[PDB]
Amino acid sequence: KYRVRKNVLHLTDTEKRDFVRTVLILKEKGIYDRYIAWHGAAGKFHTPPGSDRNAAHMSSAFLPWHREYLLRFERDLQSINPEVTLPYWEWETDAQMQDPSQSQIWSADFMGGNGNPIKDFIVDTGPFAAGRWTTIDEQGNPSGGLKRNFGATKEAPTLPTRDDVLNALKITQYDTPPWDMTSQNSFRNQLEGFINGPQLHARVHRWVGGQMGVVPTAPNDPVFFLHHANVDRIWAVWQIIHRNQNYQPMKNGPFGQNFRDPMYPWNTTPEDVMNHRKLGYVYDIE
């Protein structure tokens, strides 16, 4: 309950500055790349092999894998600076703006802005501009810089709304068999956003574009983490409401997706991360 994860737009100038700084250090020290690598790895670990589900997406473990991932990330930032916590991008409220791209999250003193179309949508502003931040392709090699292309797709011209979120929050079952993108009346699947997709979580990657657009390279963009802190918060809100509902499948789901299964690439189980206040942190809306 003691680490408070704040809304990006509530952050003081110093709070934005300490966070970015800490992230650059984690990058310099070789530690940031392990997080990109972990995400890449899990997306190749299919549960079961041959299936479309994998350790981190398209199945029940999506939510707790990503809670674990962020917990480990936050813990590394705290090593560098015990005051820094991971904030969250409330992308449902940005959606309301006339022009979401004007959100303060994209200012030069934070995340940087949209890509430069003269340079194939390479981001050239902010602390993660090409030249001040190296990216890595899907096979581990340098790839030349951050690319964003806000709202350029036909499928996702816009961010998800405050209504889409509230609607997801109403769902009663955490997940339903067959624990896949075709799982109906699932909170997890609705959050992930595949049915009549892309919606919610899928829509955010698609809106942003560049690396964030493709899911295996997405963590090259720091905003990946602010975005996931918002999905983690949404989950957390859902647990508060329907506290008679638990993780599913408890058993007889595919190995890697059950409550007490190891979540590759770690030994951590979904059970070990169901209670988020146990893990040391809470979101500011509580």
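In case it trips you up, residue 1 is the first one in the sequence shown, and so on.
Mean C-alpha B-factor is higher over 82-90 than over the other stretch, the pair under comparison being 82-90 and 67-75. The stretch with the higher mean CA B factor, choosing between 93-101 and 207-215, is 93-101. You'll see in the entry that, of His39, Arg53, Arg233, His227, the Cα B factor peaks at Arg53. Between the residues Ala130, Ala202, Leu159, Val165, it is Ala130 that shows the highest Cα B-factor in the PDB record. Placement of the Cα temperature factor of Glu192 within the chain: lowest third of the modelled residues, per the deposited record. When the modelled residues of the chain are ordered by C-alpha B-factor, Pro117 sits in the middle third. In the deposited entry, the Cα temperature factor of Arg34 places it in the lowest third of its chain's modelled residues.
In this PDB entry, the Cα temperature factor of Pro249 sits in the top third of its chain's modelled residues, the highest group. When the modelled residues of the chain are ordered by their C-alpha B factor, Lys154 lands in the highest third.
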